[PDB]
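S.K.: Need a 3D model of the sequence below.
(chains A, B, C, D, E, F and G, ligands or ions: 91)
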Amino acid sequence: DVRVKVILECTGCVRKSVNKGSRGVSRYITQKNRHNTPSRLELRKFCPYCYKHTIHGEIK
Amino acid sequence: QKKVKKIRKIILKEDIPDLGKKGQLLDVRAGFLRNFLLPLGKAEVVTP
RNA sequence: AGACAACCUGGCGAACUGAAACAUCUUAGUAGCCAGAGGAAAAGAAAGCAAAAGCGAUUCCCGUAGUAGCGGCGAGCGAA
RNA sequence: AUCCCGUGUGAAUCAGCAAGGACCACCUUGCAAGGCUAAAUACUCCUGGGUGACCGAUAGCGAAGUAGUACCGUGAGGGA
RNA sequence: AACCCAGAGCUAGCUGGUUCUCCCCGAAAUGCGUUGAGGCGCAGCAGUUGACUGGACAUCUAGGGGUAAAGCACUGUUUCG
RNA sequence: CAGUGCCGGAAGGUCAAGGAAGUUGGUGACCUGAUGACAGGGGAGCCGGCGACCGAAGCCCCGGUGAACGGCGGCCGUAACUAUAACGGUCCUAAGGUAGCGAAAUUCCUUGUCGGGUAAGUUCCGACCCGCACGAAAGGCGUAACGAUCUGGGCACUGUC
RNA sequence: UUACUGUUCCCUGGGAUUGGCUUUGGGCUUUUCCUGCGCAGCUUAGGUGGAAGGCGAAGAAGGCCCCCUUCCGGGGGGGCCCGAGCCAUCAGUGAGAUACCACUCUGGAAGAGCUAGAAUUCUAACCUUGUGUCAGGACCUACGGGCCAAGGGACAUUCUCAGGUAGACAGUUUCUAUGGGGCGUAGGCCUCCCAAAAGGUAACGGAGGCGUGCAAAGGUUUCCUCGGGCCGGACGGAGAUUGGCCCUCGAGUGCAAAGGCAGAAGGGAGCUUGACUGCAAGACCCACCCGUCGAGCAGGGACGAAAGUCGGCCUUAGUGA
Ligand SMILES: [Mg+2]
Ligand SMILES: [Mg+2]
Ligand SMILES: [Mg+2]
Ligand SMILES: [Mg+2]
Ligand SMILES: [Mg+2]
Ligand SMILES: [Mg+2]
Ligand SMILES: [Mg+2]
Ligand SMILES: [Mg+2]
Ligand SMILES: [Mg+2]
Ligand SMILES: [Mg+2]
Ligand SMILES: [Mg+2]
Ligand SMILES: [Mg+2]
Ligand SMILES: [Mg+2]
Ligand SMILES: [Mg+2]
Ligand SMILES: [Mg+2]
Ligand SMILES: [Mg+2]
Ligand SMILES: [Mg+2]
Ligand SMILES: [Mg+2]
Ligand SMILES: [Mg+2]
Ligand SMILES: [Mg+2]
Ligand SMILES: [Mg+2]
Ligand SMILES: [Mg+2]
Ligand SMILES: [Mg+2]
Ligand SMILES: [Mg+2]
Ligand SMILES: [Mg+2]
Ligand SMILES: [Mg+2]
Ligand SMILES: [Mg+2]
Ligand SMILES: [Mg+2]
Ligand SMILES: [Mg+2]
Ligand SMILES: [Mg+2]
Ligand SMILES: [Mg+2]
Ligand SMILES: [Mg+2]
Ligand SMILES: [Mg+2]
Ligand SMILES: [Mg+2]
Ligand SMILES: [Mg+2]
Ligand SMILES: [Mg+2]
Ligand SMILES: [Mg+2]
Ligand SMILES: [Mg+2]
Ligand SMILES: [Mg+2]
Ligand SMILES: [Mg+2]
Ligand SMILES: [Mg+2]
Ligand SMILES: [Mg+2]
Ligand SMILES: [Mg+2]
Ligand SMILES: [Mg+2]
Ligand SMILES: [Mg+2]
Ligand SMILES: [Mg+2]
Ligand SMILES: [Mg+2]
Ligand SMILES: [Mg+2]
Ligand SMILES: [Mg+2]
Ligand SMILES: [Mg+2]
Ligand SMILES: [Mg+2]
Ligand SMILES: [Mg+2]
Ligand SMILES: [Mg+2]
Ligand SMILES: [Mg+2]
Ligand SMILES: [Mg+2]
Ligand SMILES: [Mg+2]
Ligand SMILES: [Mg+2]
Ligand SMILES: [Mg+2]
Ligand SMILES: [Mg+2]
Ligand SMILES: [Mg+2]
Ligand SMILES: [Mg+2]
Ligand SMILES: [Mg+2]
Ligand SMILES: [Mg+2]
Ligand SMILES: [Mg+2]
Ligand SMILES: [Mg+2]
Ligand SMILES: [Mg+2]
Ligand SMILES: [Mg+2]
Ligand SMILES: [Mg+2]
Ligand SMILES: [Mg+2]
Ligand SMILES: [Mg+2]
Ligand SMILES: [Mg+2]
Ligand SMILES: [Mg+2]
Ligand SMILES: [Mg+2]
Ligand SMILES: [Mg+2]
Ligand SMILES: [Mg+2]
Ligand SMILES: [Mg+2]
Ligand SMILES: [Mg+2]
Ligand SMILES: [Mg+2]
Ligand SMILES: [Mg+2]
Ligand SMILES: [Mg+2]
Ligand SMILES: [Mg+2]
Ligand SMILES: [Mg+2]
Ligand SMILES: [Mg+2]
Ligand SMILES: [Mg+2]
Ligand SMILES: [Mg+2]
Ligand SMILES: [Mg+2]
Ligand SMILES: [Mg+2]
Ligand SMILES: [Mg+2]
Ligand SMILES: [Mg+2]
Ligand SMILES: [Mg+2]
Ligand SMILES: [Zn+2]
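M.R.: Numbers count the residues shown, from 1 in each chain, chains lettered A, B, ... in the order given. Ligands and ions are numbered 1, 2, ... in the order given. Below, you will see the structure:
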């Protein structure tokens, strides 16, 4: 309503089916208050595929 | 489904209005052919 | 032409019931009715199975198997 | 998918057509839109033999004697 | 919402009934869920059968607690000064 | 004449099957890639999804129609003495119960109050209106005749007592 | 019955039965013609190509007028008059000459074409009548048969598909506890009491809440102390900001209540994303299904000088097999 399920997604993940050991597109999920903060949330979070802490943006 | 205009190819044995002279080749709707021309001897349906 | 116990083939074709209610589903293409023919009827001589190896019209029994599946993926149904 | 029907459209002939569980390619298998055919299987109003850890008159068939009788019911039917 | 026959021995978590003897052991009427409440599922508590066990009845010590009593240190309440 | 029904209307919105421009996917004769046990593009054909636009009635929309379904209110304040309210204010509706009747087969409180009939009347008759909750074709109010009708009283008559 | 799901009567569209001629007309076309104010300018620069050749007596420039479009700047164009010119790299301009020519786009026109839609007819399908007329051994003013005629007519009917639509009809559903009536209320979770000092525990017993919220109200490093009295101080007052003494946990903690928590779990500041991936010994709670706590290990990080802390939130509600 004013509080929402938002999907965080790795920016450096290539959906094309990569050639490395573990292929897949990291997404986390979390909640945001779409009124308070209209800024698309950016968060550094761990990616099981890239193995490094990457940056996860949002999805529409 | 979709209505498909039925086409009968015929030869006229007598002269009739809008159609033409005797001994003439044409293409017609099935209704016109079997309900009007054919009972009166006027046309002949052709498949050689 | 009519008669004819059950069996059989075709035609119409339920409901109680089960699902702890009920509507899809189940009961069941059962009962019942109608018509038909026989000592049996029906089916039947691959426009079929199968799988890279092969079979060689139909029917019936054992098995595969309560398996694969179907299913308000419920009650249940259920092959080859 | 295969199979079979209402309404409407509507092909191809072996250089084809169909099937292999949407569909396409390849390969395998088969030849729809004409018919007919015995046996193995189902049944008991019955017929002839046989057996019975079946009954013995409240049993066994409803019925060991006028038994579908007497009687009851307008009738279908019930029924000793 | 006729009657007779048939499906039909319909269905009845309901009521009634359920037949010889002796021996041993022997409950429950609680909790949870339920279109459930007079039904049922599991648990609790029978019987019989195995496998491990060493307890029970007493005796003393140790733990934590916030009841009875008590109190006004807090929270209320209350009388008069 | 708001709600509902029914009838009439045709401008706009909505509107199925079905058509249908057009895109889109699978396959694939082939074309290239590639230190992995393969992969990426693709003509014609065949097959599949999507589909702008066209697409009636109906509905939304506009009008009529109560002997069609039905409905017909509150709150205040005011007059030579107490009083009452013809008259005003306000509220809310589609509109606020007119004529006639009224303690009624309708009246709760209630055996209302008054009058009559009785020595004495919760019934009966007439009237008041404060109609819990009358009312106009689910008809309203009258009414001569009629009734094995319901209900009150009287003369005659009697073992009803 | 304005409960649910449907069926039927009935209405309306496609298809079929089902045809001919004519119109009118919505959307596409087949030749072919109309039509374009970036600015530098001969001036309302159509993109792309052939591109030094074209347009003329099958009769142009130039003025006299008719028409239509219109941003009244000007453009296409009919008649007449006129009689030897309008022209190209000529320099501008991303793009070239109104010298010409090909597929075409912005919208318009016209005769020609597809499909409806619509209206109008026509007659042969189809429908409807007939004491009209034939007909067998004899009738059929006995139904009907053949022929003829009359009225309708591609409508209607019938079939199929689709939308609408009648409790007319069919099958069914309509909880539990209220006070074992209506009626509204209650049904899950959390805190307190009842609850008898482990845990658990009923009543239509007594009190209340929840169906979320925070990108910081999370993580971390580091610093701080609230409230209440009394006193001073311009407005300023009981109460705002400031100074000071006394009491010491009485404030706060997103929101109920309970239990916690003072150099703090309360207030502030700096940097962040651990509101991680992979897990997990063992415990608690337990009919089952769920539910809760978690040392420890690896990866890749945040903060911090480092030790270390960090798998959301002081805890317990904020949920659904
Ligand atoms: Mg056709
Ligand atoms: Mg016979
Ligand atoms: Mg017979
Ligand atoms: Mg026979
Ligand atoms: Mg049933
Ligand atoms: Mg039933
Ligand atoms: Mg049942
Ligand atoms: Mg049941
Ligand atoms: Mg035989
Ligand atoms: Mg045979
Ligand atoms: Mg053979
Ligand atoms: Mg053969
Ligand atoms: Mg086949
Ligand atoms: Mg097969
Ligand atoms: Mg069939
Ligand atoms: Mg067909
Ligand atoms: Mg052929
Ligand atoms: Mg096929
Ligand atoms: Mg084959
Ligand atoms: Mg053949
Ligand atoms: Mg076939
Ligand atoms: Mg054959
Ligand atoms: Mg045969
Ligand atoms: Mg005897
Ligand atoms: Mg006997
Ligand atoms: Mg005896
Ligand atoms: Mg009955
Ligand atoms: Mg039985
Ligand atoms: Mg049965
Ligand atoms: Mg029952
Ligand atoms: Mg004992
Ligand atoms: Mg006890
Ligand atoms: Mg019960
Ligand atoms: Mg039990
Ligand atoms: Mg035991
Ligand atoms: Mg102690
Ligand atoms: Mg102690
Ligand atoms: Mg203490
Ligand atoms: Mg005490
Ligand atoms: Mg005391
Ligand atoms: Mg005290
Ligand atoms: Mg005190
Ligand atoms: Mg109205
Ligand atoms: Mg109206
Ligand atoms: Mg109106
Ligand atoms: Mg209307
Ligand atoms: Mg419409
Ligand atoms: Mg469509
Ligand atoms: Mg197309
Ligand atoms: Mg493709
Ligand atoms: Mg390939
Ligand atoms: Mg491909
Ligand atoms: Mg439309
Ligand atoms: Mg009226
Ligand atoms: Mg009275
Ligand atoms: Mg009274
Ligand atoms: Mg009186
Ligand atoms: Mg009396
Ligand atoms: Mg009176
Ligand atoms: Mg009244
Ligand atoms: Mg009234
Ligand atoms: Mg009345
Ligand atoms: Mg009256
Ligand atoms: Mg009325
Ligand atoms: Mg009356
Ligand atoms: Mg009268
Ligand atoms: Mg009478
Ligand atoms: Mg139709
Ligand atoms: Mg038609
Ligand atoms: Mg005619
Ligand atoms: Mg006649
Ligand atoms: Mg006749
Ligand atoms: Mg006419
Ligand atoms: Mg028609
Ligand atoms: Mg329909
Ligand atoms: Mg009903
Ligand atoms: Mg309905
Ligand atoms: Mg306590
Ligand atoms: Mg205790
Ligand atoms: Mg306790
Ligand atoms: Mg309780
Ligand atoms: Mg912080
Ligand atoms: Mg609080
Ligand atoms: Mg507290
Ligand atoms: Mg802090
Ligand atoms: Mg840890
Ligand atoms: Mg460690
Ligand atoms: Mg680590
Ligand atoms: Mg560092
Ligand atoms: Mg915190
Ligand atoms: Zn990634």
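S.K.: tell me the contacts of the residue most central in space within chain A?
M.R.: Centrality entry for chain A: nearest residue to the mean C-alpha point is residue A:9, 1.9 Å, by CA atoms, centre = their mean. If you count contacts by CB atoms under 8 Å, 6 or more residues apart in numbering or on different chains, residue A:9 has them with A:25-28, A:56-59. C-beta: built from backbone N, CA, C; applies to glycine.
S.K.: Name whatever forms a beta bridge with it.
M.R.: For residue A:9, the beta-bridge assignment (DSSP bridges) gives partners residue A:27, residue A:57.
S.K.: Quick check: the gap between it and residue A:21.
M.R.: 21 Å (CB to CB, to the nearest Å).
S.K.: Then residue A:15?
M.R.: Computed as CB to CB, the residue A:15 to residue A:21 distance reads 17 Å.
S.K.: What residues does chain A have near RNA strand G?
M.R.: Residues of chain A found near RNA strand G (CB under 7 Å from any atom of the strand) are A:1-3, A:28, A:30-33, A:36-37, A:41, A:43-46, A:48, A:51-53.
S.K.: In ChimeraX, select just the buried ones from those residues.
M.R.: This is the ChimeraX syntax for the buried subset of the residues of chain A next to RNA strand G, where burial follows 16 or more other CB atoms under 10 Å in any protein chain shown:
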select /A:32
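S.K.: Next step: the residues of chain A next to RNA strand G restricted to strands.
M.R.: A:3, A:28, A:30-33, A:43-46, A:53 (DSSP state E).
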